[PDB]
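Numbering (the entry's author numbering), first residue to last: 32 to 102, 115 to 273.
Please read the structure below before turning to the comments.
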Ligand SMILES: *C(=O)[C@@H]([C@@H]1NC(C(=O)O)=C(S[C@H]2CN[C@@H](C(=O)N(C)C)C2)[C@@H]1C)[C@@H](C)O
């Protein structure tokens, strides 16, 4: 885990007047970029990035399936990108506290502590995770190396497609914990390059209420281009 060639990307974060880190994981190597590199090994609430693990747990334990319509009426996959209806809260209650805690410990996600409220522990605590831990988790998902069904991992990966450009596929999940102080913003995912190679990323930055949600994607894309990952 090493600071990368950071001269330019550091300035990208500086221009937004906030602190952020970008963690990049290729085969074996992790590199750190941004203007607040200590964030990479700092624990934060995962916020909506936990939807990835919620979905894996719910699908693996047959508490839902990819075709179920949650009463706008929505599937699990549509709810991955949009939060108009509380699908993942409902799924967490179906899973229940016992099974959720067992699965979170089996995966070893972050500090693996979910407390006693099964439907909000990922937003206000006590569950916390570092950006390095998030990039390792999503790298395992991208490579079908998590200890879940191969089909479940493929189904969750398919829910996470963000953009496709000139043969590159960008997968990922945003999160924003706006009700804690300081606010935390996430964009965690991976690039599938045209030849099949995977480069995983975790962007983590301090948010403020006036920022557009798209600031995370903007910083990510500019940085990935500067690093020649896309
Ligand atoms: C997950 O972190 C939350 C979910 N994700 C998300 C995002 O990453 O952009 C938004 S939070 C952010 C968007 N606008 C602000 C807002 O208050 N709402 C439109 C609700 C905050 C979205 C709510 C959530 C499921 O925890």
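For each residue, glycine too, the CB sits at the ideal point set by N, CA and C.
Straight-line Cα distance separating residue j from residue i
i           : j           : result
residue 232 : residue 182 : 8 Å
residue 65  : residue 255 : 19 Å
residue 151 : residue 174 : 14 Å
residue 74  : residue 210 : 34 Å
residue 229 : residue 188 : 22 Å
residue 45  : residue 102 : 43 Å
residue 123 : residue 32  : 30 Å
residue 80  : residue 90  : 17 Å
residue 142 : residue 215 : 25 Å
residue 246 : residue 207 : 19 Å
residue 172 : residue 51  : 15 Å
residue 234 : residue 268 : 12 Å
residue 196 : residue 176 : 18 Å
residue 200 : residue 96  : 14 Å
residue 92  : residue 127 : 25 Å
residue 49  : residue 224 : 14 Å
residue 186 : residue 250 : 30 Å
residue 242 : residue 167 : 29 Å
residue 53  : residue 117 : 32 Å
Proximity test, residue i beta-carbon vs ligand 1 heavy atom, cut-off 8 Å
i           : result
residue 256 : yes
residue 166 : yes
residue 220 : yes
residue 78  : yes
residue 217 : yes
residue 108 : Because the chain is numbered from 102 directly to 115, the model contains no atoms for residue 108.
residue 228 : yes
residue 131 : yes
residue 126 : yes
Paired residues, beta bridge with residue i - DSSP
i           : result
residue 236 : Paired residues: none, contrary to the question.
residue 242 : 234
residue 172 : 75
residue 63  : 34 and 54
residue 250 : 226
residue 218 : 229
Considering only residues of the stretch 178–216, which uninterrupted alpha helix (DSSP H) runs meet the minimum length of 4 residues and lie entirely inside it, listed in chain order? 193–201
List in chain order: all unbroken beta strand (DSSP E) runs of 3+ residues lying wholly within the stretch 125–168. none
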